[PDB]
Structures are given as C-alpha cells and as structure tokens.
Amino acid sequence: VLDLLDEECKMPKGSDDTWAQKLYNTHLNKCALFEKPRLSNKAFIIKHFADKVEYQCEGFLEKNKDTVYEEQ
Amino acid sequence: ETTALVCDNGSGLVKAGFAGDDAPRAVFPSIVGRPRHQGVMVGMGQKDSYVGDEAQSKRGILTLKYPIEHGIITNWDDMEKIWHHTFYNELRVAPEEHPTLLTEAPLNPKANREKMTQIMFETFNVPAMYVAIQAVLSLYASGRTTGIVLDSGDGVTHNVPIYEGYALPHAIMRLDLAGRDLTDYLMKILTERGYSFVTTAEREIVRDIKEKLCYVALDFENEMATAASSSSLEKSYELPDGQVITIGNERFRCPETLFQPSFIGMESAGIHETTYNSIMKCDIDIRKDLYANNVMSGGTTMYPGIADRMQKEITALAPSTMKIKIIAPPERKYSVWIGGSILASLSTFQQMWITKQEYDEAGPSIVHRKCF
Amino acid sequence: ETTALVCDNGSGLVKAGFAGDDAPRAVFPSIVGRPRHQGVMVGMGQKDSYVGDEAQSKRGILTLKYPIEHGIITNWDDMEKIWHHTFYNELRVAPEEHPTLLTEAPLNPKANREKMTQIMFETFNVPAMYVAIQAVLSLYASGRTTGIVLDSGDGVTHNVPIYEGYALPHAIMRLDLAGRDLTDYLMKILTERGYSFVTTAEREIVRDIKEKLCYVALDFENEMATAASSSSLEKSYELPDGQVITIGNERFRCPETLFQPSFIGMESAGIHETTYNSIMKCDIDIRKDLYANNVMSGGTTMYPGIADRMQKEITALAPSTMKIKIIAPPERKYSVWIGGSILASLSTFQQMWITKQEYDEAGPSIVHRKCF
Amino acid sequence: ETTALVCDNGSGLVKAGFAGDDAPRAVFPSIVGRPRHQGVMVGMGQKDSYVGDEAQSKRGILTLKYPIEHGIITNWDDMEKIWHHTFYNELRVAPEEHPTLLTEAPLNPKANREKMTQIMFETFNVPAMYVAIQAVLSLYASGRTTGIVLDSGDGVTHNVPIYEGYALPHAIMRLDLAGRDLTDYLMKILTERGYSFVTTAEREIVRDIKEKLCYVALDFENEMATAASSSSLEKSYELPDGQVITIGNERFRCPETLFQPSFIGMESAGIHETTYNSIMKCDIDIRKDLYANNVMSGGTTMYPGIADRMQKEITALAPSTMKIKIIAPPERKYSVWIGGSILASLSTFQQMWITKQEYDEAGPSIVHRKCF
Amino acid sequence: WXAXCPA
Amino acid sequence: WXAXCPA
Amino acid sequence: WXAXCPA
Ligand SMILES: Nc1ncnc2c1ncn2[C@@H]1O[C@H](COP(=O)(O)OP(=O)(O)O)[C@@H](O)[C@H]1O
Ligand SMILES: Nc1ncnc2c1ncn2[C@@H]1O[C@H](COP(=O)(O)OP(=O)(O)O)[C@@H](O)[C@H]1O
Ligand SMILES: Nc1ncnc2c1ncn2[C@@H]1O[C@H](COP(=O)(O)OP(=O)(O)O)[C@@H](O)[C@H]1O
Ligand SMILES: [Mg+2]
Ligand SMILES: [Mg+2]
Ligand SMILES: [Mg+2]
C-alpha cells in the first residue's frame, strides 16, 4: 500500500481514485487481510492485529508528497 | 423504514431511484464499453470494462455494447454489471435491504423474466421483487384508470388498451420500430449529404443529432416540397471536433419513418394505424373512452409535432363524430418510472411482491403465475 | 539498493544515467573515430579507435562514423564500443548489477531489438532489461496521459497519438527528415555564399553553426523578402581557426525545410501536416483532446519560433472553433530520458523487465511479445 | 449504328469500351501525375500533367494522385482529365455520338452523381447517359437474377442482396476497407522486416508486390505457427532496381485484415460477418436462395483462397442444414464492366437513358428520380 | 467525405 | 430473439 | 534500411 502510494505520487495525473483502483487490482482477491468496503470505491479495509480499520483514500496523496527544491 | 427500489431497464437509459420520491436520482445509459486498443503506459489503473457515463466519457477508445435489444436482454454478464453498478455505485444502497421493482415490455420471452428473477434473488439476494408492464405504469403516472397507452422507448413500441384498470390482452400490439432503428436510419440518410457515421461512438453522435434537430412534419409531402424549394428549413450542428454539419430535409424525414415504416423496410403500418387497429379490437362500448384518452410515453414520443400529427391522422381514420385527444405531458420521458414510483409506494401493493420464501419453494417458474 | 540504468541511444548524443535521478550524468555524442594519418612519433600510446568526447577532441585527425543512422543501428561493433564506453567509462558501473532500460523509435526493424537484447544479455550479462518507445516517454516527462507527441532528434521524426494511456498504432506517423539531413542541407546552401564544408569534422562545425544561428520564420516569404532587402538579419560566426563567416537568409532558410521537405527533395509533407494527418486518423471523439495537447520532444524541436510556427499553421489546418495548444518545455531536449527515468523507477514496472531466465528459455524472440 | 460507351470509374483502374463487346478495350489506372523536379533541358516537349499509363511510365519524376478515394471523386479537374483522356485517346471516339453508361458504388453522396451528370452533359455534350450500381451489374455479368453480391475494388466494399431482380435497400452494407488500405497496411508491416516504401511510386511497387505474392490463409493461426517454425512459406521478389526482397508471413498476413479489420484499426467486422449480417436483414423466405448464391466481384476478391475461406467461415456462422455456395468466376475482376456491357445493349433499356432534353428541362436534379 | 472519413 | 428478429 | 533508404 505504501509502495503503490509512493508510485502514485510520481505517476502523471495520479489521483486518489486511480490509487484506490491500483489497490483493488493488486490486493482485492489476493490477500485475506485486505478488503474493499461494500458500498464505496474510495476506501479500503485492513485487518490489523486489534481490529479491522477502514481508511479513506481521499487525503493520502496530498499528505504523502514531500519534495523540497534545493534552491529554496 | 424500508423503501422499494424502482428500476426501469429500458434500452439506452437506465433510470432508477427510491419509491415515493418524484424523479429518478440515477439516470445513465445502459451501455458497457471494453477497451480495444493496445495499452502502452505502465501503471495507469487501466480497467477491464466501463459502465454508464464512464463508457460515454471514454467512448473514443471503447467498443460500446448495449446488453438489451428490443427489450430482450441478449448478454447477461453485462446486464449483471449494469445492475451491480446501479445499486452499489449510483444508488449506494445494499440490495439485501430493499424490495426491488423491475419493468419489462409485454409479449417478450418468458426466459427474460425467469432470468431477471433468478439473478435478483440468487446474486443480489434482494428480499422481494416484482415485474411490471411498462405501459400499465404510464397510467399510474398520468392519473388515469382508462386509456390506450402508446409507449416508445429505444427498441420496442407497444400499445396496451386499459379500461377501468382491466387490460385487454388480445388487443395488445407490439412493434420493434422505435428509437434505435431511427438512428440507424438517420445514419443512412445522412450519408446522402456526404457525412459518414460508422463507429459505435459516431452512432452516439447521431443519437444526439436526432435528439436535437429532428421534428415531425404535419404534412410530409408539403414540407418535402418546401425543403426542396428553399434553404429556410435547414439547420447546422457542431460535431465534437469542431467541424460543422448542415442538415436539411433529413431532420423531419427521419421521424416520418415512424408513420411509414416501409422506409426502413418493415411491412407493418405506422403507430397511428396500430393504435387505431388496437382500438378496433376493443368492444364497441369502450371505444368512445379510448378515443378520449391516448397517452404517449417514452423518449421516442418527444419529437416536436408528433402529437398534432397523431391527432390529425387518427382523426382522419376515426369516425367523424368523436373527440380524438392525444395526451403528451412534457415529463413523459420519465412517465414509466414515475408510475412505478407511485405503484411501489401503495399499501395494497405490499402483498404483491414475490418473496424469497416463495422463490425458494416454487423456483423461478413462480413469476409467471404471480406476476402478470 | 539497486537502481536501473536508463540509456537512450538516439543519434548524435548518447545520454545515460541512473533511474530516479533527474538529469543524465553522462551525455556525449554517439560517434566513433579511427585515425587515418600515418603515425610518425614512436612510443605515443596511439590507440585503435576513439569514442565520444575523445573523438570530438581529436576530430581533426579522425574519420568520424555514426553507428546509428535514422534510428537503425547500421554498425554493431561500434555500437558495442559505445555501450562499453558508456557503462565502464562514463557511469563507472558494472552492468551485471543493474537492470538496463533502452529506448527506441517506433516502426523500425525488429532485428534492431533482437540484436540489442542479444547483446545486452550475452556480452554485458545485464540481469534484466526493457525496450521503450521514445515518444511514450515524453508524456511521462511532461506529466500527461493524453496528447499527440511530436518528436524529432537527429534522424527519425515520428508522431504518436496517445489518449488516456492507450496508443493508436494505426495513426503513428514516421518521417526520416529530422536533424542530420538538415545539416547536410545547410552544408549545401552554404556553398552558394562561398563556404565549403566537406569533411566529417566540417560537418560537426556546420552542426554547431546550425545549433547557434538557425531559427524558424513565422512567415517564410516575408522574411525572405526582408533578408533580400537588408543586412539587418545577418549574423557572423567564428570558425575554430579564427576565420569569420557571415550567414544571411540561410539561417532561417535551413529549418524551413522541416515544413517544406521538397527543398531536400522528399515527397512527403511537413511535420505540421503529418501532425494534422495523424490526428485525422484518430476517431472524432478524441480529436478535441489531442488538439489541446501537442508535446514537442528532442533537439530538432529547439529552433526559436518552431512552436509558434507549428501552432500558426496547425491553427490554419484545424477547424476554426478549437484551441490548438503546443507544449514545448525548455527542457524538452532531455524529455525522453527524464521520462524513462520516471518509468524505470515505478514499482508497477518491476514486473515488466525481461529477465535472463526468460531470455534463456525463449531466446531474443521474446522481446516482441513482452516488450511493446 | 450508334453503340453506347460503357465506363466504370472505380478506383485504380479505369476500364472502358463499347456496349456489346465482351471485354474493355481501354484499361488503365485512374492516376494523374504532375512533375515535381526542376526541368533542366530546354526544348524537351515537357508537359504539364500525365494521365494513366503515361504517369505509370514516368512515375519516378511524378507525384501521383488518385482523383477518386473510396468511390467519392475528391478532385474534379483531374477526373475531367481522365475522362477526356479516355474518350479521345483511349477509345478515339467523339462523345457527342454515343450514349454513355457510368457506374457507381451504392450509398455514396448524391453530389457525386449530380456533378458526373452536369459534366457529361455540359462539357462532353454526351447525348444521353445513365448511372448504374456496381453490384447490380455483377449479376448481369454472372447470369443470375438472385444472390447477395459481395464486391470489392480499390476503396469501397459493399454487399447488395438481390432476389428475382428486386433490390433490398435496407440490407445494403458498405465498407471502406478494401484494396488501397490493404496496400497502406502492407507498407507498414513490411517495415518490420526492414523495407521502407514511402513515396507514391513505392506505393505502386507495394501494390505490385501485393498482387503477386499475397494469398489468404485457410486458418490464420495454423499458418502463423507454421511460418514461425519454418522457411517453407517464404518468397522473394525483385524490385525495379534489381534489389531482391524476401517476404515471409507478411504475404498471408496482409489480406487477413479483410477478415479482421481491427489490424488496421477499424471497428467493424470482416466481409464474412457483413455478408451474414446482410442476409440476416432479408426476410426468412428468401435467405435459402441467398445462401445458395454468393457472387464475388472486383479485384480485391482475387486473392488465392479467399473463396474457400469465405465459404468456411460463413458455413461456420450459418445454420448447419443449408448449402453455402460461393461463386467466384476467374473473370470476376471485369464483372461490373461485362454486366454494364450487357445492360447497355438491351432494347428495353433504350427508354431508361436520361436525354439532354430532360436535363435541359429538369436540371441535374433529375438523376435522383430517373436513375436508381 | 465531409465528416467521418477523409474523402 | 430466437428466430425471427436478431435478438 | 534494406530497400527504400540507405540504412
Ligand atoms: N428529446 C428527444 N427527442 C427525440 N428522441 C429522444 C429524445 N430523448 C430521447 N430520445 C431517444 O429515445 C430513446 C430513449 O427513450 P427512453 O424512454 O429513455 O428509452 P427506454 O424506455 O428504453 O429507457 C433513445 O433512442 C433516445 O435517442
Ligand atoms: N539548440 C539547438 N537548436 C537546434 N538544433 C539542435 C539544438 N541542439 C541540438 N540540435 C540538433 O538536434 C539533434 C540532436 O537531438 P537529440 O535529441 O540529442 O538526438 P537524439 O534524440 O537522437 O539523441 C542534432 O542534429 C543537433 O544538431
Ligand atoms: N490479382 C490480384 N490480387 C490481389 N489484388 C489485386 C489483384 N488485381 C488487382 N488487385 C487490387 O484490387 C484493386 C483493383 O480492383 P478494381 O476492381 O480494378 O478496382 P475498381 O473496382 O475500383 O476499378 C487494387 O487495389 C489492386 O491492387
Ligand atoms: Mg420507456
Ligand atoms: Mg530523442
Ligand atoms: Mg469496381
């Protein structure tokens, strides 16, 4: 999930919808611990040690980007 | 509490919503696209198939298929994709929680209802459902218990006479003319003027041309005489690439094939003669009350002037001493949905649903005895 | 950890580096020189052949050969010398440790890819590699998933339309005009003014003249009228021996042959008409989105005013009602490398590489099915 | 006495002659060349443009233009040059003395017929003329009153079902695939093997390669498996400069795009599926009699094995219990001419001509009502 | 043609 | 359909 | 190349 997120940061015209689509592609049916929420195409569920937690994609690309220009 | 879903599968537009709201909150074309070009860029999120407005947006790179033709579902996996997309994406409602109400044209195969019911119970696990006749719902929508409904969508046209809520099943007429084959006729006549629309996307462009520029002539011969003798009738339309195309007598000449199906090469009479020949199958005591109500439904009845042409030539066919009145409310494109929204919210209707208990007991065969 | 090498063979400049850094740290001409004069001094350390900047420094005494002509590798032993020089001398990296990513123009022979792969696996023993289309990488470099890329290096020019990451392979246009034959045209037009540049070193001098003093006229006839009637347009350049040479209308007149290939005697239309005739091969629904992005790439698109000339005459050809937009970032000379540097660093791409296991199983034939 | 001229404009070959002789005595390509190089020698008799076999002989120095593209005449002055050359040079007959019979593909613009008639009456002053459908003439040529004609020239392909002399105009299918775009596909696939054919003369060389070495595979996958696994299928051809070129799977792979138009990137189905989908538009009582006659016409149907491939996959699509019969006479390249030669010599036909009296009275508009 | 195709 | 028309 | 052009 972090690897596909760091890919989608540099990918051209990356967005939270296409990142989510890459998530569903890679892990929707290959892993028991990753699940898609029934009614939404913008969120995903991870079964952690404690509990299942549902994450919204809508923030992550803005929050994940750092790049600092040396001139600044 | 719990409110039925109301869904009309049509051809072209799907329109769906909740019972007792006044217009459908999901409307989109019943179209499935699959990409046909070799994908080059790695890591694009490229997708196996698109549904509805997605497949309209990307239609340049897609083969577009309609899973319903003449009200018959030809391709079932794509129809399951369209319902899956409708419930989860468009309405965002889980189908286990809601009875579902589904709409069909008359005189079409039984297997279509058996499969629609097997799918709604087995895959969606819908708790209860019903299958309703398109024409019957237009009376609920127009506030009447009597009339001969004329309905035309994409695909099938049908007449259904109803008198005080009794259908007259020996008098039901069905015709495959309407709506899509008008577009395949417009594409053929436009070639005469030097425009060529072959691909499934160009068919959607011609559909938009038809919806904007076509109208029905009061007299087809007088207007062909006028349009041969002038430029006054001629309109121009701007293609999505910014080309501009100019359209002459073709725009009235396309919907005239509703009244003269021999243009496309059918052997049956126009909608006015199937309407009159449907009233002639009703017993003489009720004909007075059918001539006083004719209800138009579905998008192919939206052409400007189609009501006054219908009334004119039915008034030519009918006996001289009677009111002929054509009823064509401006909202009529949604009338079958509004009528199903009314029907599904009645309290008397809550005993009509097929419940999963009954489907489990009797199998999908039950639909024929319980439904119409 | 391990980072792919990214190499673009071009014609003229080699440019190479590591994936995920932002500009190539090796850039040098793809040129091989062999000494042609009788060597006199004993004990000089004289050497059989020179590569890259060595052969530029000594070019007075060398025959200079280009091993790549019109994107086709004509001479393989010199190409192996250029790769050996790139990996060992320029990057100082052992190729066994790094996947390598290699770039090629579309529509060139398959034997070129088969040999490039056979060499990279057998002699270098590179663990994994891939062969990428030059034009596709300029979209990665310009941050887009849609557009018609126009690319011109030395040698081949090609157009490749792409829409949301799908190529349209029937619409790919390729033209052999660009870059070297502009130099062989400049050498021919300079003779009218009394300058003679015959040797392969003098061709490199004329290449430097072309890169400094040439520019594209907005209107070719107005500027020929001006330059016939004035000295105002005239610039002078100092040869390596300190002679000074003066260049008039020739400097704009040389790159006009990109838009009028009949000057050199080709029978095909200019890059603007191959761009328009490439958009005309795309289906009408997407053309609006190709006119809204045109991406220039490669050094032959660096002439001053080539963007505004392209936009002017494409806006002449296109339908009147559309935005034509030409995108020409100042960095565009490196765009194919920057795009391959982005591509090779994606995580989704790590399954795309041809691995030596697969080459051993299937032989060099595999490249056609696995690569584009 | 007086005998009608019969002329079929096609694309590529013009073929023309007198009614009631059995083969055309003028045949030549419908091509116009204009010289593009600076003429040097004074006093050479150098000429502004060349037509037909002249432009084939000198094609090294000429730009070659086709004035007809996809059965539409795009350039009218060159078409007038081709007719002037046909009547005066090839037939050496003054057109005022003879009715003229002219041939056209179905479903093409009306302006093409209006201009053809305005030119034949006003400039040539032909006393009477007629415009005939290409497909209809192949039945006259093959001795039948019933069948679904499949016709492919250069440019347009079309199917026209006819039953006892009645056309079925709603079932006419037209496809732009045939013949020229096979050559533009062959030029693209030959580049894969390292041969480059760009100029309009090199296109004529590739057309001759296609006419000699191409053939249709019975099974396309088995033969690609064979040609990947052997040299046995491989043929070599000698270019006009005495180079020799070697052609492998490309030779069967080029005409397979007739059955899989997605290769060139069309969205429509192959000629076999447009034939079957044309028979499906005919009423069920006549289909038995269309399956029992399929008539191939025009030069693009000359490939070896195209009949047995057509019969094989149509026999795959059709219901199992019927004769499928493909009729493909060895003369079929001339069938449209032979059929027009028969038609123009009937006595019943002498009332069909448009006479100049009628053109003077009604103007060129008459062609639509009098002709088909 | 005048729209769809090039002729 | 199954016999008459195409669907 | 091998036919049309020199490379
Ligand atoms: N305003 C209009 N004028 C003419 N045709 C229309 C108009 N609106 C829709 N149509 C055509 O009518 C058909 C859609 O009718 P609709 O009732 O939505 O079909 P269905 O009943 O199958 O859902 C389409 O073929 C569409 O092109
Ligand atoms: N600033 C410039 N102005 C005009 N032409 C240039 C400029 N820089 C390089 N060129 C020309 O462009 C070609 C090099 O382009 P490049 O993209 O390096 O080729 P390749 O893509 O084959 O590596 C050479 O012919 C060179 O003369
Ligand atoms: N023996 C052949 N095999 C394959 N293709 C052929 C042969 N002869 C002609 N052709 C092709 O068919 C086309 C000519 O067909 P023709 O019937 O003369 O066209 P039209 O009907 O337009 O006059 C050209 O594209 C030509 O290359
Ligand atoms: Mg409807
Ligand atoms: Mg480059
Ligand atoms: Mg022909």
# chains A, B, ... in the order shown; residues from 1 in each chain; ligands from 1
$ residues_near_ligand --ligand "ligand 5" --cutoff "8 Å" --atoms "only C-alpha atoms and all ligand atoms" --output "ChimeraX atom specification"
/C:8,10-11,134,151-154,297-299,333-336
$ residues_near_ligand --ligand "ligand 6" --cutoff "12 Å" --atoms "only C-alpha atoms and all ligand atoms" --output "MDAnalysis selection string"
chainID D and resid 7:15 68 70:71 102:106 132:138 150:158 178:179 296:301 332:340
$ residues_around --residues "residue 198 of chain B" --least-positions-apart "3" --cutoff "12 Å" --atoms "only C-alpha atoms" --output "count of residues only"
27
$ select_by_dssp --residues "segment 88-212 of chain B" --states "strand (DSSP E or B)" --output "list in words"
residues 100, 101, 102, 103, 104, 128, 129, 130, 131, 132, 133, 147, 148, 149, 150, 151, 152, 157, 158, 159, 160, 161, 162, 163, 166, 167, 173, 174 and 175 of chain B
$ atom_distance --atom1 "atom 22 (O, counted along the ligand's line) of ligand 3" --atom2 "atom CA of residue 177 of chain D"
12.2 Å
